[PDB]
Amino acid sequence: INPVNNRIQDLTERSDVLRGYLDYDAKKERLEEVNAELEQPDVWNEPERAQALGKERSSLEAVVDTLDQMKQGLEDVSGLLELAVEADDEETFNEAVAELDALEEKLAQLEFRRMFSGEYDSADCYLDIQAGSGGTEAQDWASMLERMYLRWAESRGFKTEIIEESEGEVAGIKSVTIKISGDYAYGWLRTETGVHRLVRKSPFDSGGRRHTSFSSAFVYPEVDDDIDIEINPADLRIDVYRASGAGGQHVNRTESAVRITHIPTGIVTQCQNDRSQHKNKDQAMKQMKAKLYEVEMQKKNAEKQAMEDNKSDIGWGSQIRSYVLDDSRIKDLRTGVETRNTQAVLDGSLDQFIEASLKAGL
C-alpha cells in the first residue's frame, strides 16, 4: 500500500468524524431554509434580518459545501493516483498529491469549529491596532501589524474594511480599526488580542541601535442586532471630526467622520469610511456596543473564574508575541510556538500561531 492511499483513508475518517460532530444533515436542512427566505425580494424589508441570514448561509455552506467537496475530492484523487501509478506518470501523481494537500488544509481548518464554543465566535469582528509610545519606530511597527493582519485575513477568505486610520507624522500609523468579515472571523482572530513586541535595528535611527517597540491589538465581535441592549446618551460624547482621504477633502474638510467616547470607561470608537456623517455615526455606535459587550464579557468571565479574594482581574494588555527581527525569530509567549521565517509572518502567516492558541484553549 502506497503511503498516499493511507493518508486518503485518514482524511476520509477525519471528515466522517466532522460530519457527525457538525450535524451535516441538520445544517444542510437549515441551509435550504435560509436560501428560501433569501430568494424573496421583500426579504430586505428588514435589512438587519437579511444581513443575518446572509451571514448564516455563508457559515452553513462552509460546513456543507466543504464536506461535499471533501467527499468528491478524495474520490477524484484516489482515481487519479491509481491511474498515475499504473501508467508510471510522475507528473499526474504530483498533481494528485497537490490536490490532496489542498483538501487536507480545508479539512484541518474546518476541524477548528470544535474549538469555537464562544457564543459569538461565529460573528464578524473588529480589530483595533494602536501604536505604542515609541514614536516613528512604533508607528511603523503598527503599520506592519496592520499589513500583516490584512494579508492574513485575505488568505483566510475574510473580507476587510478600514473603518478608522490615523497615519503617523513621518511613517506608519498611530491607529487603525479594521472590520474583518467572514465565517467565524471572531473565533479565528480573538486570540491575537494583546501586546505585540518588536525588536530590530530601526531604519529611522542614524545608527545601528537596537530598538524595542510595542503595539496593541484588540479584537471585539460584532454583536449589534444580536444584543439590543443600547447605551444611555448621557454616557456618551459624540464628535464630528476630519479624517484622512486620498486628496479629497472638500466635504471631507469637515470630513463627516464620527468619534464616540464612553464617559464611564473612557473607551472610544471611530468611523470615517462612509461619505455620510449619519452612517459613520451608526457604525461608530455599533462598534461601541461591541466594545462595551466585550468588556462586560470579560468581567463576566472574571466571575466564572473567581477563586482568590483581592485577586487582580485579567487584563488584555499582556505581551503575547515577540518579533525579534535581528535574530530572525518570532515567538508566541503563551504557546511557545516559534518560527524563524520572519518575512512570512509579516506577510500574513499567522495560522501557525492562531491554531496553537486555539488548541491551547486561549
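In this text, residue numbers run from 1 along the sequence as written.
Hey, which bit's got the bigger mean C-alpha B factor in the entry, 318 to 326 or 42 to 50? Averaged over C-alpha atoms, the B-factors run higher in 42 to 50.
Mean temperature factor over C-alpha atoms, higher-scoring stretch between 334 to 342 and 17 to 25: The stretch with the larger mean CA B-factor is 17 to 25.
With respect to the C-alpha temperature factors reported in the PDB entry, which of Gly168, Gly73, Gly118, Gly194 ranks highest? Of the options given, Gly118 has the highest CA B-factor in the PDB entry.
Just grab whichever of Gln287, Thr212, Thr136, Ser256 has the top CA B-factor as deposited. Across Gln287, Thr212, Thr136, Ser256, the entry lists the biggest C-alpha B-factor for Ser256.
Divide the modelled residues of the chain into thirds by Cα B-factor and specify which third, lowest, middle or highest, holds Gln130. Lowest third - that is where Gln130 ends up once the chain's C-alpha B-factors are sorted.
What third of the chain does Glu161 rank in for C-alpha temperature factor, lowest, middle or highest? According to the entry, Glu161 has a C-alpha B-factor in the chain's middle third.
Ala102 by Cα B-factor - lowest, middle or highest third of the modelled chain: Tercile = middle for this residue's CA B-factor.
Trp152 - Cα temperature factor, lowest/middle/highest third of chain: For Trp152, whose C-alpha B-factor we compare with every modelled residue in the chain, the answer is the lowest third.
Based on the entry's values, in what third of the chain does the Cα temperature factor of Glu95 lie: lowest, middle or highest? Ranked within chain, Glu95 CA B lands in the middle tercile.
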